[PDB]
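S.K.: You'll find structure_35.cif just under this line, and it carries mmCIF, C-alpha atoms.
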```
data_final
loop_
_atom_site.label_atom_id
_atom_site.label_comp_id
_atom_site.auth_asym_id
_atom_site.auth_seq_id
_atom_site.Cartn_x
_atom_site.Cartn_y
_atom_site.Cartn_z
CA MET A 1 -103.73 2.86 132.35
CA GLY A 2 -104.54 -0.87 132.44
CA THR A 3 -102.15 -2.97 134.55
CA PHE A 4 -101.99 -5.78 131.97
CA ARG A 5 -98.68 -7.27 133.19
CA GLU A 6 -96.49 -4.23 133.95
CA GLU A 7 -94.12 -5.07 136.83
CA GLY A 8 -90.63 -3.87 135.85
CA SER A 9 -89.59 -4.76 132.28
CA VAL A 10 -91.55 -7.70 130.83
CA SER A 11 -89.64 -7.44 127.53
CA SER A 12 -86.20 -8.03 125.97
CA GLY A 13 -83.55 -6.13 123.97
CA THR A 14 -83.36 -2.32 124.20
CA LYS A 15 -86.29 -2.42 121.74
CA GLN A 16 -88.23 -5.31 120.15
CA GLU A 17 -87.19 -5.13 116.48
CA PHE A 18 -89.98 -7.51 115.41
CA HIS A 19 -91.44 -9.21 118.51
CA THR A 20 -90.22 -12.74 119.35
CA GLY A 21 -89.08 -14.82 116.35
CA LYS A 22 -86.85 -17.65 117.62
CA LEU A 23 -87.48 -20.63 119.93
CA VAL A 24 -83.98 -22.12 120.46
CA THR A 25 -81.01 -19.78 119.86
CA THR A 26 -78.46 -22.55 120.53
CA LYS A 27 -78.83 -25.25 117.86
CA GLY A 28 -80.25 -24.15 114.48
CA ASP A 29 -77.96 -25.68 111.82
CA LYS A 30 -80.05 -26.61 108.76
CA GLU A 31 -77.82 -25.76 105.78
CA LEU A 32 -74.40 -24.83 107.20
CA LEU A 33 -73.19 -28.19 105.82
CA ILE A 34 -72.76 -26.27 102.54
CA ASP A 35 -69.54 -27.19 100.69
CA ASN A 36 -66.77 -25.12 102.32
CA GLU A 37 -63.99 -25.85 99.79
CA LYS A 38 -66.58 -25.25 97.04
CA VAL A 39 -65.55 -25.95 93.42
CA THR A 40 -62.14 -24.22 93.66
CA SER A 41 -58.94 -24.76 95.68
CA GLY A 42 -58.83 -28.45 96.67
CA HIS A 43 -55.76 -30.70 96.36
CA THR A 44 -53.31 -32.71 98.50
CA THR A 45 -50.07 -31.10 99.76
CA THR A 46 -48.91 -32.74 103.01
CA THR A 47 -48.89 -36.14 101.27
CA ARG A 48 -47.08 -35.08 98.06
CA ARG A 49 -46.18 -31.68 96.53
CA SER A 50 -47.28 -31.18 92.90
CA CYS A 51 -44.89 -29.47 90.46
CA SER A 52 -41.74 -31.42 91.40
CA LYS A 53 -41.90 -34.99 92.83
CA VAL A 54 -41.80 -35.19 96.66
CA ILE A 55 -42.83 -38.38 98.51
CA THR A 56 -42.53 -38.56 102.32
CA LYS A 57 -44.04 -41.49 104.30
CA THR A 58 -43.30 -41.60 108.06
CA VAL A 59 -44.80 -44.24 110.41
CA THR A 60 -43.96 -44.47 114.15
CA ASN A 61 -44.74 -47.64 116.23
CA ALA A 62 -44.39 -48.36 120.02
CA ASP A 63 -41.75 -51.14 119.74
CA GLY A 64 -39.53 -48.45 118.19
CA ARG A 65 -40.27 -49.70 114.65
CA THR A 66 -40.36 -46.40 112.71
CA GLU A 67 -39.70 -46.26 108.95
CA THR A 68 -38.69 -42.78 107.69
CA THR A 69 -39.30 -42.38 103.94
CA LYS A 70 -38.99 -38.58 104.06
CA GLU A 71 -37.36 -38.63 100.59
CA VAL A 72 -37.47 -35.85 97.95
CA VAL A 73 -37.27 -36.50 94.18
CA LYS A 74 -36.30 -33.79 91.71
CA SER A 75 -38.67 -33.04 88.81
CA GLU A 76 -39.91 -36.09 86.86
CA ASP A 77 -39.14 -34.80 83.34
CA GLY A 78 -39.32 -30.99 83.60
CA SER A 79 -43.03 -30.96 82.68
CA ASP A 80 -43.63 -27.54 84.27
CA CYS A 81 -40.93 -27.01 86.93
CA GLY A 82 -37.39 -28.24 86.18
CA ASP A 83 -37.70 -26.43 82.82
CA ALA A 84 -34.67 -24.72 81.24
CA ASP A 85 -32.22 -27.62 81.67
CA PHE A 86 -32.65 -30.48 79.17
CA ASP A 87 -29.09 -31.81 79.63
CA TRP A 88 -25.73 -30.35 80.71
CA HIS A 89 -23.30 -29.72 77.83
CA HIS A 90 -22.23 -26.05 77.84
CA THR A 91 -20.43 -24.70 74.75
CA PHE A 92 -17.13 -22.90 74.10
CA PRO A 93 -17.44 -19.21 73.05
CA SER A 94 -15.47 -19.41 69.78
CA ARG A 95 -12.06 -21.06 69.31
CA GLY A 96 -9.62 -19.70 66.69
CA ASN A 97 -9.45 -21.56 63.35
CA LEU A 98 -6.02 -21.71 61.67
CA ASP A 99 -5.81 -24.30 58.86
CA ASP A 100 -7.97 -27.45 58.62
CA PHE A 101 -7.27 -30.04 61.34
CA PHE A 102 -7.34 -32.84 58.75
CA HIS A 103 -10.09 -32.04 56.22
CA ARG A 104 -7.44 -30.24 54.13
CA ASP A 105 -9.89 -28.02 52.22
CA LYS A 106 -7.78 -26.44 49.46
CA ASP A 107 -4.84 -28.79 48.81
CA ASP A 108 -1.42 -27.53 47.67
CA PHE A 109 1.57 -28.69 45.58
CA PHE A 110 3.92 -28.39 48.58
CA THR A 111 3.35 -31.87 50.05
CA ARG A 112 4.92 -33.05 53.33
CA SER A 113 8.64 -32.19 53.51
CA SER A 114 9.68 -35.81 54.14
CA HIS A 115 13.48 -35.83 54.52
CA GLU A 116 13.49 -39.19 52.70
CA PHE A 117 16.30 -40.01 50.23
CA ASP A 118 15.08 -40.14 46.60
CA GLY A 119 18.76 -39.71 45.65
CA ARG A 120 20.23 -42.41 43.39
CA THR A 121 22.72 -40.74 41.02
CA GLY A 122 26.42 -41.41 41.71
CA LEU A 123 28.77 -40.49 38.84
CA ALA A 124 32.12 -42.28 39.38
CA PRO A 125 35.53 -40.54 39.17
CA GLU A 126 36.49 -42.48 36.01
CA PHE A 127 35.46 -45.83 34.48
CA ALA A 128 38.50 -47.88 35.56
CA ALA A 129 38.30 -50.57 32.85
CA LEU A 130 38.31 -49.82 29.10
CA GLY A 131 40.10 -46.45 29.19
CA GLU A 132 40.11 -46.46 25.37
CA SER A 133 40.15 -42.66 25.76
CA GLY A 134 43.46 -40.79 25.36
CA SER A 135 44.08 -41.10 21.60
CA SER A 136 44.07 -44.77 20.51
CA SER A 137 47.58 -45.42 21.88
CA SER A 138 49.09 -47.25 24.88
CA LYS A 139 51.82 -49.59 23.58
CA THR A 140 54.24 -46.64 23.77
CA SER A 141 56.23 -46.93 27.02
CA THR A 142 59.56 -48.77 27.40
CA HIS A 143 59.96 -48.62 23.60
CA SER A 144 61.55 -52.08 23.40
CA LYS A 145 63.36 -53.14 20.21
CA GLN A 146 60.11 -54.90 19.22
CA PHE A 147 59.89 -52.76 16.07
CA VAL A 148 61.96 -54.50 13.36
CA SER A 149 64.60 -52.27 11.74
CA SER A 150 67.71 -53.61 9.95
CA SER A 151 66.69 -54.50 6.38
CA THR A 152 68.56 -51.95 4.24
CA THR A 153 72.15 -53.10 3.62
CA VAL A 154 70.73 -55.17 0.74
CA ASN A 155 69.94 -51.76 -0.81
CA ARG A 156 71.97 -50.50 -3.80
CA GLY A 157 75.67 -51.42 -3.54
CA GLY A 158 77.82 -48.70 -1.92
CA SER A 159 79.92 -48.80 -5.11
CA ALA A 160 80.36 -51.96 -7.21
CA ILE A 161 81.29 -55.66 -6.84
CA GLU A 162 85.03 -56.37 -7.09
CA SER A 163 86.59 -59.56 -5.66
CA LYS A 164 90.07 -58.31 -4.68
CA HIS A 165 91.75 -61.48 -3.35
CA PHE A 166 90.73 -64.95 -4.59
#
```
Go ahead and express the file in the form of structure tokens.
M.R.:
Amino acid sequence: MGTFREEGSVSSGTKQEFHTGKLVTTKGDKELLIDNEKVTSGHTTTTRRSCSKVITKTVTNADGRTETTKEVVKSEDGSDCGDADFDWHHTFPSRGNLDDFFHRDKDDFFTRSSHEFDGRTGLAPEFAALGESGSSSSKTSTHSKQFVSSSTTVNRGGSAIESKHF
């Protein structure tokens, strides 16, 4: 029925979905340049790592001049990484207590038991000087014939005057 152009399979694809509709299948980019990163994830990482502070600069040259600055710096001030740290100090659980170390809260009459020497009294055995004690007497001793005693014969005559001889 009409030869038209029948010869074997003047067509394409197991079935034409919508007749031809493309000149060049190779090139065809006309909007693929769309932003891939889009407004979302997009920051540096190989150069420096956020959060903490990490700076690494490595340069290699042919004359063997190669400076390695692969250095790493801890957090800058614990902005959002080295948190929970502030400064080392630790703290003891709870020591005993006993009395005050020096504040001396409630004082007391019992002061320091200083073995000083506030002594000063010294009664002597006996005042060796006056000695007016005893009983107002001391001349008594050898009992010398100091006491006068002989005036008496002049007393009354033993009888009467009488010149015997003459």
S.K.: Hey, what's within 12 Å of residue 78 of chain A if we count all atoms listed in the file and toss same-chain stuff fewer than 3 positions away? As a list in words, please?
M.R.: residues 51, 52, 53, 74, 75, 81, 82, 83, 84, 85, 86 and 87 of chain A
S.K.: Please measure the separation of atom CA of residue 33 of chain A and atom CA of residue 48 of chain A, giving the value in Å to one decimal.
M.R.: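 Between atom CA of residue 33 of chain A and atom CA of residue 48 of chain A the gap works out to 28.1 Å.
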S.K.: How many Å lie between atom CA of residue 138 of chain A and atom CA of residue 126 of chain A, rounded to one decimal?
M.R.: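 According to the coordinates, atom CA of residue 138 of chain A and atom CA of residue 126 of chain A are separated by 17.5 Å.
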S.K.: Using all atoms listed in the file, which of the listed residues (A:46, A:163, A:3, A:137) sits closest to residue 58 of chain A?
M.R.: A:46
S.K.: What is the atom CA of residue 145 of chain A-atom CA of residue 157 of chain A distance in Å, reported with one decimal?
M.R.: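 Atom CA of residue 157 of chain A lies at a distance of 26.8 Å from atom CA of residue 145 of chain A.
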